[PDB]
>>> print(open('data.pdb').read())   # PDB, C-alpha atoms
ATOM      1  CA  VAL A 407       0.000   0.000   0.000  1.00  0.00           C
ATOM      2  CA  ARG A 408       3.121   2.128  -0.445  1.00  0.00           C
ATOM      3  CA  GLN A 409       3.454   1.297  -4.173  1.00  0.00           C
ATOM      4  CA  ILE A 410       0.235   3.179  -5.034  1.00  0.00           C
ATOM      5  CA  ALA A 411       2.190   6.427  -4.717  1.00  0.00           C
ATOM      6  CA  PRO A 412       3.323   8.617  -7.670  1.00  0.00           C
ATOM      7  CA  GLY A 413       6.770   7.224  -8.410  1.00  0.00           C
ATOM      8  CA  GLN A 414       7.628   3.963  -6.678  1.00  0.00           C
ATOM      9  CA  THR A 415       9.318   0.654  -7.349  1.00  0.00           C
ATOM     10  CA  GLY A 416       7.961  -2.870  -7.028  1.00  0.00           C
ATOM     11  CA  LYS A 417       6.213  -5.574  -8.973  1.00  0.00           C
ATOM     12  CA  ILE A 418       2.859  -3.985  -8.246  1.00  0.00           C
ATOM     13  CA  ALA A 419       4.128  -0.573  -9.376  1.00  0.00           C
ATOM     14  CA  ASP A 420       6.171  -1.909 -12.300  1.00  0.00           C
ATOM     15  CA  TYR A 421       4.113  -4.853 -13.541  1.00  0.00           C
ATOM     16  CA  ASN A 422       0.503  -4.282 -12.464  1.00  0.00           C
ATOM     17  CA  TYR A 423      -0.554  -0.677 -11.800  1.00  0.00           C
ATOM     18  CA  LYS A 424       1.376   2.537 -12.466  1.00  0.00           C
ATOM     19  CA  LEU A 425       0.385   6.095 -11.539  1.00  0.00           C
ATOM     20  CA  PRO A 426       1.716   9.071 -13.534  1.00  0.00           C
ATOM     21  CA  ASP A 427       4.199  11.402 -11.883  1.00  0.00           C
ATOM     22  CA  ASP A 428       1.944  14.481 -12.004  1.00  0.00           C
ATOM     23  CA  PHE A 429      -1.093  12.931 -10.345  1.00  0.00           C
ATOM     24  CA  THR A 430      -4.098  14.851  -9.021  1.00  0.00           C
ATOM     25  CA  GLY A 431      -6.516  13.047  -6.714  1.00  0.00           C
ATOM     26  CA  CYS A 432      -6.374  10.680  -3.786  1.00  0.00           C
ATOM     27  CA  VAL A 433      -5.760   7.058  -2.884  1.00  0.00           C
ATOM     28  CA  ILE A 434      -8.116   5.598  -0.274  1.00  0.00           C
ATOM     29  CA  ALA A 435      -7.264   2.345   1.515  1.00  0.00           C
ATOM     30  CA  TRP A 436      -8.940   0.418   4.325  1.00  0.00           C
ATOM     31  CA  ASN A 437      -8.380  -2.966   5.955  1.00  0.00           C
ATOM     32  CA  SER A 438     -10.854  -5.717   5.041  1.00  0.00           C
ATOM     33  CA  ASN A 439      -9.901  -9.167   6.329  1.00  0.00           C
ATOM     34  CA  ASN A 440     -13.561  -9.854   7.163  1.00  0.00           C
ATOM     35  CA  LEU A 441     -14.760 -10.567   3.631  1.00  0.00           C
ATOM     36  CA  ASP A 442     -11.750 -11.530   1.498  1.00  0.00           C
ATOM     37  CA  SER A 443     -10.584 -14.398   3.731  1.00  0.00           C
ATOM     38  CA  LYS A 444     -11.924 -17.934   3.998  1.00  0.00           C
ATOM     39  CA  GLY A 447      -8.471 -18.427   2.019  1.00  0.00           C
ATOM     40  CA  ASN A 448      -9.680 -16.893  -1.240  1.00  0.00           C
ATOM     41  CA  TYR A 449      -7.239 -17.684  -4.051  1.00  0.00           C
ATOM     42  CA  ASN A 450      -8.804 -15.994  -7.066  1.00  0.00           C
ATOM     43  CA  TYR A 451      -7.091 -12.658  -6.318  1.00  0.00           C
ATOM     44  CA  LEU A 452      -4.244 -12.832  -8.831  1.00  0.00           C
ATOM     45  CA  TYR A 453      -1.330 -10.532  -9.589  1.00  0.00           C
ATOM     46  CA  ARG A 454       1.174 -10.526 -12.438  1.00  0.00           C
ATOM     47  CA  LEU A 455       4.529 -11.957 -11.327  1.00  0.00           C
TER      48      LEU A 455
ATOM     49  CA  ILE B 358      32.566  -5.765  -2.017  1.00  0.00           C
ATOM     50  CA  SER B 359      34.632  -5.531  -5.203  1.00  0.00           C
ATOM     51  CA  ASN B 360      34.633  -6.965  -8.757  1.00  0.00           C
ATOM     52  CA  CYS B 361      30.929  -7.754  -8.973  1.00  0.00           C
ATOM     53  CA  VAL B 362      28.167  -7.753 -11.547  1.00  0.00           C
ATOM     54  CA  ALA B 363      25.345  -7.050  -9.102  1.00  0.00           C
ATOM     55  CA  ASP B 364      21.740  -7.188 -10.316  1.00  0.00           C
ATOM     56  CA  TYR B 365      19.983  -4.854  -7.885  1.00  0.00           C
ATOM     57  CA  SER B 366      16.580  -5.285  -9.514  1.00  0.00           C
ATOM     58  CA  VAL B 367      15.950  -8.840  -8.296  1.00  0.00           C
ATOM     59  CA  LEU B 368      16.123  -7.681  -4.705  1.00  0.00           C
ATOM     60  CA  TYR B 369      13.923  -4.574  -4.602  1.00  0.00           C
ATOM     61  CA  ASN B 370      11.337  -6.398  -6.722  1.00  0.00           C
ATOM     62  CA  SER B 371      11.691 -10.118  -6.012  1.00  0.00           C
ATOM     63  CA  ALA B 372      11.663  -9.846  -2.200  1.00  0.00           C
ATOM     64  CA  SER B 373       9.422  -8.809   0.710  1.00  0.00           C
ATOM     65  CA  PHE B 374      10.880  -5.710   2.380  1.00  0.00           C
ATOM     66  CA  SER B 375       9.221  -3.219   4.716  1.00  0.00           C
ATOM     67  CA  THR B 376      11.107   0.004   3.889  1.00  0.00           C
ATOM     68  CA  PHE B 377      13.538   0.590   0.992  1.00  0.00           C
ATOM     69  CA  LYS B 378      15.009   4.106   1.156  1.00  0.00           C
ATOM     70  CA  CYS B 379      17.893   5.170  -1.083  1.00  0.00           C
ATOM     71  CA  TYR B 380      19.479   8.496  -0.338  1.00  0.00           C
ATOM     72  CA  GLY B 381      21.834   9.815  -2.999  1.00  0.00           C
ATOM     73  CA  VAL B 382      20.701   7.531  -5.814  1.00  0.00           C
ATOM     74  CA  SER B 383      17.325   6.312  -7.136  1.00  0.00           C
ATOM     75  CA  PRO B 384      16.456   2.583  -7.069  1.00  0.00           C
ATOM     76  CA  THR B 385      15.651   2.340 -10.776  1.00  0.00           C
ATOM     77  CA  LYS B 386      18.991   3.858 -11.843  1.00  0.00           C
ATOM     78  CA  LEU B 387      21.117   1.444  -9.791  1.00  0.00           C
ATOM     79  CA  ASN B 388      21.539  -1.016 -12.674  1.00  0.00           C
ATOM     80  CA  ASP B 389      23.384   1.515 -14.845  1.00  0.00           C
ATOM     81  CA  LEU B 390      26.101   2.864 -12.536  1.00  0.00           C
ATOM     82  CA  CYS B 391      29.503   1.787 -11.211  1.00  0.00           C
ATOM     83  CA  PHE B 392      30.341   2.282  -7.583  1.00  0.00           C
ATOM     84  CA  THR B 393      34.166   2.136  -7.025  1.00  0.00           C
ATOM     85  CA  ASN B 394      33.781   0.660  -3.468  1.00  0.00           C
ATOM     86  CA  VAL B 395      30.726  -0.902  -1.794  1.00  0.00           C
ATOM     87  CA  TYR B 396      30.316  -1.671   1.900  1.00  0.00           C
ATOM     88  CA  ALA B 397      27.634  -3.684   3.684  1.00  0.00           C
ATOM     89  CA  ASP B 398      26.530  -3.429   7.310  1.00  0.00           C
ATOM     90  CA  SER B 399      24.147  -5.836   9.034  1.00  0.00           C
ATOM     91  CA  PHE B 400      22.480  -5.968  12.461  1.00  0.00           C
ATOM     92  CA  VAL B 401      19.025  -6.538  13.978  1.00  0.00           C
ATOM     93  CA  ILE B 402      17.027  -4.165  16.212  1.00  0.00           C
ATOM     94  CA  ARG B 403      13.512  -3.117  17.179  1.00  0.00           C
ATOM     95  CA  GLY B 404      11.270  -1.652  14.489  1.00  0.00           C
ATOM     96  CA  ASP B 405      10.199   1.454  16.359  1.00  0.00           C
ATOM     97  CA  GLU B 406      13.736   2.784  15.805  1.00  0.00           C
TER      98      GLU B 406
END
>>> encode(input="data.pdb", output="structure tokens")
Amino acid sequence: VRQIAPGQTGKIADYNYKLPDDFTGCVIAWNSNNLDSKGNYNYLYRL
Amino acid sequence: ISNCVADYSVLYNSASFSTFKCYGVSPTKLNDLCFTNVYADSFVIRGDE
């Protein structure tokens, strides 16, 4: 949840989702272990 | 550390690290440079400090 910042490094922020450097608008995050845990293994990410 | 061909990109990407903070360089530019002398320092302490 640190790689959803404008200019970062990681295989979420290099391979999956990239924000432009001159961004305008906010990122909103909240913890949800209540619903997305059994576990649930259809949440994929590009390796 | 001397006489190395060090691939830095398989450790900031292909690893699970809590905080990666470079200070005079950028992490993406580390593959292109040459460093003349490299030192490494290792210990273990509490994560509030």
>>> interface_residues(input="data.pdb", of="chain A", to="chain B", cutoff="12 Å", atoms="all atoms listed in the file", output="PDB file with C-alpha atoms, in the coordinates of the input")
ATOM      1  CA  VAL A 407       0.000   0.000   0.000  1.00  0.00           C
ATOM      2  CA  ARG A 408       3.121   2.128  -0.445  1.00  0.00           C
ATOM      3  CA  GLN A 409       3.454   1.297  -4.173  1.00  0.00           C
ATOM      4  CA  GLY A 413       6.770   7.224  -8.410  1.00  0.00           C
ATOM      5  CA  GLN A 414       7.628   3.963  -6.678  1.00  0.00           C
ATOM      6  CA  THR A 415       9.318   0.654  -7.349  1.00  0.00           C
ATOM      7  CA  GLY A 416       7.961  -2.870  -7.028  1.00  0.00           C
ATOM      8  CA  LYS A 417       6.213  -5.574  -8.973  1.00  0.00           C
ATOM      9  CA  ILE A 418       2.859  -3.985  -8.246  1.00  0.00           C
ATOM     10  CA  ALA A 419       4.128  -0.573  -9.376  1.00  0.00           C
ATOM     11  CA  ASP A 420       6.171  -1.909 -12.300  1.00  0.00           C
ATOM     12  CA  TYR A 421       4.113  -4.853 -13.541  1.00  0.00           C
ATOM     13  CA  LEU A 455       4.529 -11.957 -11.327  1.00  0.00           C
TER      14      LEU A 455
END
>>> closest_residue(input="data.pdb", among="A:442, A:454, A:411, A:449", to="residue 430 of chain A", atoms="only C-alpha atoms")
A:411
>>> atom_distance(input="data.pdb", atom1="atom CA of residue 393 of chain B", atom2="atom CA of residue 362 of chain B")
12.4 Å
>>> atom_distance(input="data.pdb", atom1="atom CA of residue 452 of chain A", atom2="atom CA of residue 410 of chain A")
17.1 Å
>>> residues_around(input="data.pdb", residues="residue 363 of chain B", least_positions_apart="2", cutoff="8 Å", atoms="only C-alpha atoms", output="compact mmCIF listing (two decimals) with C-alpha atoms, in the frame of the given file")
# COMPACT_ATOMS: atom_id res chain seq x y z
CA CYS B 361 30.93 -7.75 -8.97
CA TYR B 365 19.98 -4.85 -7.88
CA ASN B 388 21.54 -1.02 -12.67
>>> atom_distance(input="data.pdb", atom1="atom CA of residue 406 of chain B", atom2="atom CA of residue 374 of chain B")
16.1 Å
>>> axis_aligned_box(input="data.pdb", around="segment 377-392 of chain B", padding_each_side="6 Å", output="lines of an AutoDock Vina configuration file")
center_x = 21.9
center_y = 4.4
center_z = -6.8
size_x = 28.8
size_y = 22.8
size_z = 28.0
